[PDB]
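Asker: Sharing a structure with you now.
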Amino acid sequence: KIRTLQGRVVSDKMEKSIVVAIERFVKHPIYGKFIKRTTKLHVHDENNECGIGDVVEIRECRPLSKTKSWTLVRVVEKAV
Amino acid sequence: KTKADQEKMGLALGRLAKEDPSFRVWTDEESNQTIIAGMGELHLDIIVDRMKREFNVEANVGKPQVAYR
Amino acid sequence: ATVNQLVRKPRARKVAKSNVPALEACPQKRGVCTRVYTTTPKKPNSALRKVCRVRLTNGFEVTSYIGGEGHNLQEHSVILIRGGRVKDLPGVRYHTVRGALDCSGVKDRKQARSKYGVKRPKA
Amino acid sequence: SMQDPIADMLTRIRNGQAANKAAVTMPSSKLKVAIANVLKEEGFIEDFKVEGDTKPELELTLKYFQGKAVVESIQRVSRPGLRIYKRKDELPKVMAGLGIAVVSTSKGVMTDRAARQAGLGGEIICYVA
Amino acid sequence: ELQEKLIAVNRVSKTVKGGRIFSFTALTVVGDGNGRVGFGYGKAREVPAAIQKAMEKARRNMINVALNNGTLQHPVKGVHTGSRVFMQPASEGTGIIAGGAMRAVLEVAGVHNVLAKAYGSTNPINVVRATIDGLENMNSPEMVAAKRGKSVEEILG
Amino acid sequence: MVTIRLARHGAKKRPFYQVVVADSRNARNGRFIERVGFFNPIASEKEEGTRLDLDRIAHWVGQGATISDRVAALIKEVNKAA
Amino acid sequence: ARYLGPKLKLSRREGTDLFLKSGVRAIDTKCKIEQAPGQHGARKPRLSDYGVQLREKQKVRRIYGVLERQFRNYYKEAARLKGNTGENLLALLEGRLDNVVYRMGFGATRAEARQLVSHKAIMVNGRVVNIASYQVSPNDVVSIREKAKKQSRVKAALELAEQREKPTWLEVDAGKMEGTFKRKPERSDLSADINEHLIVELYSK
RNA sequence: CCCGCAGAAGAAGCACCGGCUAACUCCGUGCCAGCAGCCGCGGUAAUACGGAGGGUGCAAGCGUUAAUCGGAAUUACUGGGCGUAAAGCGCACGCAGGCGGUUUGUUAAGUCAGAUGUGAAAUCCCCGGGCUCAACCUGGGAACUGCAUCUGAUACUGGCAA
RNA sequence: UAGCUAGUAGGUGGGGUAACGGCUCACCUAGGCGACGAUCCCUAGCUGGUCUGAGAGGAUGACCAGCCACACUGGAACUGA
Numbered sequence: 003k004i005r006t007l008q009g010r011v012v013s014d015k016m017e018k019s020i021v022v023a024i025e026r027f028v029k030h031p032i033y034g035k036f037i038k039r040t041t042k043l044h045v046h047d048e049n050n051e052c053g054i055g056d057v058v059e060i061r062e063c064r065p066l067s068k069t070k071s072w073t074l075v076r077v078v079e080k081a082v
Numbered sequence: 423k424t425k426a427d428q429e430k431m432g433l434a435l436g437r438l439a440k441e442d443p444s445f446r447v448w449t450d451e452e453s454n455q456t457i458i459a460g461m462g463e464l465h466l467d468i469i470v471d472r473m474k475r476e477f478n479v480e481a482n483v484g485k486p487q488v489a490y491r
Numbered sequence: 001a002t003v004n005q006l007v008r009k010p011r012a013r014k015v016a017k018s019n020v021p022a023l024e025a026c027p028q029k030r031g032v033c034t035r036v037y038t039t040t041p042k043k044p045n046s047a048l049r050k051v052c053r054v055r056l057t058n059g060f061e062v063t064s065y066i067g068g069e070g071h072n073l074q075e076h077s078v079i080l081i082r083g084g085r086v087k088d089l090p091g092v093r094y095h096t097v098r099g100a101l102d103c104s105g106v107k108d109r110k111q112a113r114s115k116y117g118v119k120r121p122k123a
Numbered sequence: 001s002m003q004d005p006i007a008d009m010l011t012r013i014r015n016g017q018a019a020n021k022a023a024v025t026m027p028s029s030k031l032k033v034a035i036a037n038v039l040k041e042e043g044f045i046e047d048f049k050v051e052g053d054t055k056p057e058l059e060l061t062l063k064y065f066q067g068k069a070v071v072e073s074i075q076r077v078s079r080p081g082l083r084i085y086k087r088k089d090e091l092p093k094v095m096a097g098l099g100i101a102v103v104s105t106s107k108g109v110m111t112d113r114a115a116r117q118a119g120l121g122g123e124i125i126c127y128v129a
Numbered sequence: 009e010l011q012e013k014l015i016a017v018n019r020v021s022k023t024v025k026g027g028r029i030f031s032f033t034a035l036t037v038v039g040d041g042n043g044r045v046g047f048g049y050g051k052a053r054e055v056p057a058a059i060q061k062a063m064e065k066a067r068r069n070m071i072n073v074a075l076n077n078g079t080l081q082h083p084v085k086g087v088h089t090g091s092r093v094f095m096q097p098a099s100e101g102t103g104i105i106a107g108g109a110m111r112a113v114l115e116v117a118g119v120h121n122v123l124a125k126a127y128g129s130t131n132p133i134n135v136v137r138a139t140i141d142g143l144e145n146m147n148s149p150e151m152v153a154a155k156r157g158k159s160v161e162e163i164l165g
Numbered sequence: 001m002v003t004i005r006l007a008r009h010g011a012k013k014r015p016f017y018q019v020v021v022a023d024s025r026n027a028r029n030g031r032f033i034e035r036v037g038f039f040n041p042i043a044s045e046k047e048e049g050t051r052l053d054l055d056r057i058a059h060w061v062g063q064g065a066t067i068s069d070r071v072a073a074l075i076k077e078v079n080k081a082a
Numbered sequence: 001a002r003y004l005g006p007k008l009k010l011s012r013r014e015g016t017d018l019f020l021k022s023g024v025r026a027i028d029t030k031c032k033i034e035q036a037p038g039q040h041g042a043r044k045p046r047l048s049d050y051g052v053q054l055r056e057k058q059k060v061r062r063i064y065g066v067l068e069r070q071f072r073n074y075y076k077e078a079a080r081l082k083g084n085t086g087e088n089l090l091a092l093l094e095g096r097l098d099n100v101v102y103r104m105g106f107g108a109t110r111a112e113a114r115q116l117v118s119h120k121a122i123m124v125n126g127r128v129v130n131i132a133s134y135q136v137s138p139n140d141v142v143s144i145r146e147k148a149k150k151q152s153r154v155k156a157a158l159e160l161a162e163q164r165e166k167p168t169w170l171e172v173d174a175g176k177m178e179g180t181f182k183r184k185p186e187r188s189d190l191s192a193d194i195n196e197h198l199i200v201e202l203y204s205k
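Chains as they are written, first to last, in PDB author numbering: chain V, 3 to 82; chain 8, 423 to 491; chain Q, 1 to 123; chain M, 1 to 129; chain J, 9 to 165; chain U, 1 to 82; chain I, 1 to 205.
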């Protein structure tokens, strides 16, 4: 297939853009305990679709903005 | 003027030791100072001035030392 | 312990300080050597040890010990300084290396002359 | 309040061997009866009963060979604060190939040697030494 | 042939109403070299009499440890009152890599292999206790087969 | 202009070379694309003095490489029939 | 940097003879042996464990005059290879040229032997070699230069060494000095008074 | 690199020697002169001070200082402690966060197995080759324990649903 | 060293760009980063690796090689692949 992430929608107080958060359960280098290492990405999407709290397939693309360089594929798990 | 220039005093006059045949250097057997030969007053008037404006050692000329047994 | 506390605040490396701040990892240092005098060591053993109060190259005025015996030191002498605790003397952390500059060699000492800088006798 | 139920299990056996109890009991679960199954084939218990319908009570019939108990010392490595996973080639040999090691691969839980002979590794759970 | 070996001898005191009287403690370790080792610790007022009294106590206190073929049988711990010796059975380590009071007890024990390291306090009395009780509990492959598994080869590997 | 040249290794008076494919602008012993074979000029009497990777040198020809002087001469010294 | 001193004084510091001054007087007797290394060597010390490791390290050193910097290299080399480091240390040390010169009997003492080797009079395997620390590789041969042959040092070495035990893993021509060296030096084929675990214990730290 | 000429001829020091640590006596000196990495020696019989003699270590170097890791499990991930030795906040409630009883189903994130690409060369390590040896140059291999992608396994941990 | 930022966070359109983009302006939206340590101060070129260590780590980044930055200090552009 192609490189695509899972993420979670965080900051949608703006237009045609979203800051997603993707969780990384990495292993600590020296202490061996798994830490919930967060990662936040300015991700471009199409016209204002979703809200907060929904897992969102997102793939790498052109640098559409200064920071936004990823594209939202689809919205999964709509909730309250 | 100080003892911090004494290493340059032996060096810059040692730099002048290579140049002139009739110009010797001695070190005081009685008072731990440098004795300088020459030709006359004017010959050693300019050599102090040769050492100052080239090698920064403001040399001060005085009468050496007597033995006095 | 309690590993996630070591995640939140890791192991502090216990860095030590070197006992000789003559200069920041340096073997020998050149000094001007003001005020040569004699002091008295502490209680378990008594004498009159010889001490110079030297201002180093990078400022940093400190003291140093004068090894051997019979030094021709004075009010101003460009000398060289190597570190070393002189334990019986409180607050003296350096040794003047004899064999260097204006602090000359020891008057004849045939044994252990690599320290005190005495040359080998001629033969 | 009872974070790790597996650490309770091995300590119940550990104190059971120290206090010389004939049989040590505890509540059952899925993983509980699986770890006791590995010790059953290895011969650290005699057998077990898993009696119960709502609060299933796993009882473990202990084992002795002399005045010294069978289980010399039994540890715990995959505790819930420092979860540890190892690969196939990096499986441990407890007491240098003498004792066993409970390790959970994806095809069930088994010993360290049975897992290494299977070619895959997983979560090293405890050290039965 | 039974390899008596003195370890450490040091003086002590009592301080009675007169002066203080000194005595001499003796630490020796004996072992024939085939898995039967034992230590002794006796004190008197004279050093040849001291190690003599410790030799009788070391001879009557031998311990069978069974030492599989020049090396130890598995890694052991031996902690005893501050002493914290660890031993890793180096397969043909070719030399007894251990310091004072670990080599000496293992030289006459019967091993030529295994390296050792004494953590914690290295007081000669408590560390010799620490190596011996560690060798007291080192189980044999025939021992664990008699109390577990029962198939000697598969329990070996 | 990727070339196939020589890079000098070894000590003083006892040289050694490994013929390497590199970008011609770069230094002699520096950044190279790929080592393909080696050459010894003081190759004392053992048969191994050169083991040239002939097929990639033939492959780099199609990619537009410029085979240097002695590198071409070593191919003429170690022929294409042996 | 060789040894260059009074010779048997090391043997009286080691008690026994390490065959360092064999020569014509093949009896040691004029040595005042084993209890006089100095003005106060007429007594005995308690001789600590560090000392008995060092004195044993000194004996294996002094038979072949190997300096410590050169000696430590062998320990780095022996532990590098396979087998036992106790066995490898002496095995690579037996391959020294003057060691095979002595074992073949071309030299009666190692100082007499190395004087032949350092003055390049030995054509081992087809090439004259003047460096005594040359490893005499297994399954080889060693010849002597004919144009410097038999100047009364070789014949006396031929006489005395044929009275001394006749070594094993090699063959001496004995007519015109054509030494052949065949196999690996075994631990059982040794002087055997030396120990080995005294050395490799000292070199761990 | 080789071949011949003359001749042992032209070439050995530096540190230490109370315990640690291999190696001792005599004389001078008297808490002085000084030694010293640590503990500590010297108050008139000093193996520790300086000078000889003797002896040990290392070697064209040998010590001194500086420097880093080791030893130091005296920052303890592997691998430490907290009643009296340094250290339980005076006690309590509680958000973030850490961890989390039991059962089934589901996902495969973590996890594990296999494959692929790459992990530049050198360096380091092993079996070899060439300078007389060696340092050194050098052949192939191993290694670079990683990382990313792809296809699977579903115990355990996590997410979701009951 | 607790808040920080104001072309600053994103849209639209013109222009710019070898090519992408606040890159650069116009107008709009009122957002973006932050306890997994933002902003600020001090120190430092990074890496393959070197040294030590049983290993894990600790210290370090000279010589050789890859990369980056600077060329008396500071700023700008030309030419040209």
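Note that CB positions come from ideal geometry on N, CA and C, so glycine has one too.
What does the Cβ neighbour count give for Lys176 (chain I), buried or exposed, with the cut at 16 atoms within 10 Å?
Answerer: With fewer than 16 other Cβ atoms inside 10 Å of its own Cβ, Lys176 (chain I) counts as exposed.
Asker: Please report the distance separating the alpha-carbon of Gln487 (chain 8) from that of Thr40 (chain Q).
Answerer: 38 Å
Asker: How is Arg93 (chain Q) classed by DSSP in three states: helix, strand or coil?
Answerer: coil
Asker: Between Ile67 (chain U) and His59 (chain U), what straight-line distance do the alpha-carbon atoms span, to the nearest angstrom?
Answerer: One C-alpha to the other measures close to 12 Å.
Asker: Suppose the cutoff is 7 Å on Cβ atoms and the five residues either side in sequence are ignored; what does the same chain contact list for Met123 (chain I) look like?
Answerer: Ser143, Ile144, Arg145
Asker: Please list, in chain order, the chain J residues whose beta carbon lies closer than 9 Å to that of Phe44 (chain M).
Answerer: Listed along chain J, the residues sitting closer than 9 Å to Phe44 (chain M) by beta-carbon distance are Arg156.
Asker: Alpha carbons only, please: which of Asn84 (chain I), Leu160 (chain I), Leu190 (chain I), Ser204 (chain I) is nearest the one belonging to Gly23 (chain I)?
Answerer: Nearest option by C-alpha distance: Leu160 (chain I).
Asker: Assuming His40 (chain I) is part of the alpha helix (DSSP H), what are its boundary residues?
Answerer: Annotation for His40 (chain I): no alpha helix (DSSP H) segment contains it, and DSSP assigns it neither H nor E.
Asker: So which residues on chain M does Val136 (chain J) lean against when the C-beta distance must stay under 9 Å?
Answerer: Chain M residues near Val136 (chain J): none, gap ~23 Å exceeds 9 Å.
Asker: Who are the neighbours of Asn84 (chain I) on chain J, taking C-beta pairs under 8 Å?
Answerer: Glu100, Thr102
Asker: Taking one C-beta from the segment 71 to 80 of chain M and one from the segment 11 to 22 of chain M each time, how about it: are there three or more such pairs within less than 8 Å?
Answerer: yes
Asker: Taking the alpha-carbon positions, what's the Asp98 (chain I) to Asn130 (chain I) distance?
Answerer: 10 Å
Asker: Pick helix, strand or coil for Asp173 (chain I), following the three-state DSSP scheme.
Answerer: coil
Asker: Output the boundary residues of the alpha helix (DSSP H) element that contains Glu14 (chain I).
Answerer: No alpha helix (DSSP H) holds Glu14 (chain I); DSSP gives it neither H nor E.
Asker: Please report the straight-line C-alpha distance between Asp14 (chain V) and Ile20 (chain V), rounded to a whole angstrom.
Answerer: Going from the Cα of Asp14 (chain V) to the Cα of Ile20 (chain V) covers about 6 Å.
Asker: Nearest chain Q C-beta to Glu429 (chain 8) closer than 8 Å, yes or no?
Answerer: yes
Asker: Can you pull the chain 8 residues whose beta carbon is under 9 Å from the beta carbon of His71 (chain Q), in chain order?
Answerer: Here the premise fails: no neighbours, minimum Cβ distance about 15 Å.
Asker: Hey, does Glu90 (chain M) have any beta-carbon neighbour from chain J nearer than 8 Å?
Answerer: no
Asker: So which residues on chain Q does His30 (chain V) lean against when the C-beta distance must stay under 8 Å?
Answerer: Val7
Asker: If you follow the beta strand (DSSP E) that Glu62 (chain V) is part of, which residue opens it and which one closes it?
Answerer: Residues 58 to 62.
Asker: For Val117 (chain I), which three-state DSSP category applies?
Answerer: helix
Asker: Spatial neighbours of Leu198 (chain I) within its chain, please: CB distance less than 6 Å, with the 5 preceding and 5 following residues excluded, ordered by chain position.
Answerer: If we look at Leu198 (chain I) and ignore the five residues flanking it on each side, its Cβ neighbours are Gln53, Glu56.
Asker: Take the Cβ of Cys126 (chain M) as the centre, count every other Cβ of all protein chains shown within 10 Å, and call the residue buried at 16 or more, exposed below.
Answerer: The Cβ neighbour count for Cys126 (chain M), taken over all protein chains shown within 10 Å, is at least 16; the residue is labelled buried.
Asker: Using DSSP with H/G/I as helix, E/B as strand and the rest coil, what is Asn99 (chain I)?
Answerer: Three-state DSSP puts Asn99 (chain I) in a helix.
Asker: Do the segment 470 to 489 of chain 8 and the segment 49 to 67 of chain Q make contact, defined as three or more Cβ pairs closer than 8 Å?
Answerer: no
Asker: Candidates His9 (chain U), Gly62 (chain U), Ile4 (chain U), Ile42 (chain U): which alpha carbon is nearest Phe32 (chain U)'s?
Answerer: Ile4 (chain U)
Asker: Which of the residues in the segment 25 to 37 of chain Q, read from start to end, lie with their CB under 8 Å from any CB of chain 8?
Answerer: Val32
Asker: State whether the segment 18 to 28 of chain U contacts the segment 1 to 20 of chain I, with contact taken as three or more CB pairs (one from each stretch) at a distance under 8 Å.
Answerer: no
Asker: So the beta strand (DSSP E) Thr102 (chain J) belongs to, where does it begin and stop?
Answerer: In the DSSP assignment, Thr102 (chain J) falls outside any beta strand (DSSP E), carrying neither H nor E.
Asker: Using a Cβ cut-off of 8 Å, pull out every chain V residue sitting near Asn19 (chain Q), in sequence order please.
Answerer: Simply none; closest approach about 31 Å.
Asker: Would you mind giving the Cβ-Cβ distance between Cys103 (chain Q) and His76 (chain Q), rounded to the nearest angstrom? I have them listed as a contact below 8 Å.
Answerer: Taking the Cβ atoms as the reference, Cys103 (chain Q) lies roughly 12 Å from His76 (chain Q), outside the contact range of under 8 Å.
Asker: Hey, how far is the Cα of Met473 (chain 8) from the Cα of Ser46 (chain Q)?
Answerer: Straight across, the Cα-Cα distance linking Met473 (chain 8) with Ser46 (chain Q) is about 51 Å.
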